[PDB]
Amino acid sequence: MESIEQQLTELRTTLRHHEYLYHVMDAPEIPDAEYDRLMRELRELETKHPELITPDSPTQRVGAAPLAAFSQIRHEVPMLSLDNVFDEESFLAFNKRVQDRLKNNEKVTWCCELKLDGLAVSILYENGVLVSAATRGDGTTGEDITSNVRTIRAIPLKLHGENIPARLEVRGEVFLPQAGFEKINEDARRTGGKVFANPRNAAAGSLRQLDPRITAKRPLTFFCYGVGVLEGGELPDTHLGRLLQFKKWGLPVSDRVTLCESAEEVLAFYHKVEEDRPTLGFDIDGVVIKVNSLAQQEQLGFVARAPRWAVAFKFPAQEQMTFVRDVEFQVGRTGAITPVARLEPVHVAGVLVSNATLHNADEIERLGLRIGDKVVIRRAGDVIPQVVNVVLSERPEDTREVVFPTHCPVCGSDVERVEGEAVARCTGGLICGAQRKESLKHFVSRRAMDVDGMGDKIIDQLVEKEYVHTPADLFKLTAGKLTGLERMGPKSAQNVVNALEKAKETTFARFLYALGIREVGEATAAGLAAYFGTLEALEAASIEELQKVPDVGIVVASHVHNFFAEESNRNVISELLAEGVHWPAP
């Protein structure tokens, strides 16, 4: 309610104060994640009132600004994923889905783009002025990388054409072309520097640098592919049309973007790009096919993790060979026992591969895999290690059978492989230390209670030393007790207590998900949350009423019902609430 001038000055005062403490204490940086935040808030208010900007304002920073801790930025519009298709048939299925859905909106035109291989970045432009830039994070909240993005030559600090909207969030890929990647490695080996493994991870590392001066020396570039929040302007209903407009604003846009009228045209485009792939000058992992019309785009809507109007049409992945040195079994929070191949380290498409999931016992039999076997490996989708097949012809004289454990490798309990099901799991329950660990690990994960600083190691030790038994115990911990832990310390322990405290404020959906109810993942957690609104109506629901919730049948209904039916869980929840955990009432 306080006037503009009074708001500007209160932001500048806090900013100039942080800079003061920085110099005084002779600090290495500004440990306050609230310095980058305040700065973007000042920029947002300033671009809004270009006449209320002073030459003394921190926004007119004359030279290198003081280093500051990374802050976060919320995405009004989610930065989701893409459903993948790997072959012409997979695409035709996608095409059928889009068609069968739409009601005689017949004219479906496909906008086709290269799927660049770097990292996603969202850039907010207010009245044509670049105010902030953020990564994707969990889709809702991402890291503020404004300082690093400002050093990217290809990204204009201000747009220029006509009808520039009041608010325009530009989404695209930041990346290192091959020549830039090689230039950086040539410099690393010349000096004592460390060389990067590939351009994707090098580009990402560059944007996580605390000191922008270092980022400025990385020849990062950018390409627009979409839009986030949009307010004002006169943008067209065609996706291509919009990119064409961005290009006119001065934003960088790939000249390869094309329009296809049929599925055959899309396929032709796919093979065309596959052929010129080596002449691009940068890496790609495929092409993105999307409904060009923003209207139809809205009719198709999104699913949990991705739009229904687009797919990433990926290229086949580069294969390599190596051998299995061993197969280990890891226990998950729901008791699941997953086999993992330990491989002889081999380089594949830019990275060192040492491990690959084997999924389950059926997969191991399908492959006929034995310890010692030679295998064909590949980074599926150009990211994840996958064991394609065993090379029988080269099976060593001496190989060892892979024996699925009949007793959990942790608590020793019996393993259960239910009739007709493929998954085998540990039956120890609360007795199993691996389940306890994985469960607490899941409770603390980014899409759950999001407790920064709590990882596999700290959790392992807390469960090992019997300090924690249930989620509630996590908040009873004090700096004193944490300080005396392996790889733990005074400030380190304080950061955890702080993160735990901050984690108290959540949402019903995240809390529900954090509880780890069988078959209740993030999507179902949100559905149940939105349906009942309160933890009361939920645990008071019957199996028959639970089945009224969309996408919830008897399996889920029963698991949910049996979960709250247990006093055990009732007190875990009640204790968490007692501990302080809470969320916005509907």
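Numbering starts at 1 and runs along the sequence shown.
- Per the PDB record, of the two stretches 425-433 and 165-173, 425-433 carries the greater mean B-factor over its C-alpha atoms.
- Annotation for 62-70 versus 523-531: the higher mean temperature factor (C-alpha) is found in 62-70.
- The PDB entry assigns its highest CA temperature factor, among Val327, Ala479, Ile184, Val129, to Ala479.
- When the Cα B-factors of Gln209, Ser147, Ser413, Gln296 are read from the PDB record, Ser413 comes out highest.
- The deposited CA B-factor of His359 belongs to the lowest third of values across its chain.
- Ranked against the other modelled residues of its chain, the C-alpha B-factor of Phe196 as given in the entry falls in the lowest third.
- Ranked by C-alpha B-factor against the other modelled residues of its chain, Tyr467 falls in the highest third.
- The PDB entry assigns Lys115 a C-alpha temperature factor belonging to the lowest third of its chain's modelled residues.
- Annotation for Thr338: CA B-factor lies in the lowest third of the chain's modelled residues.
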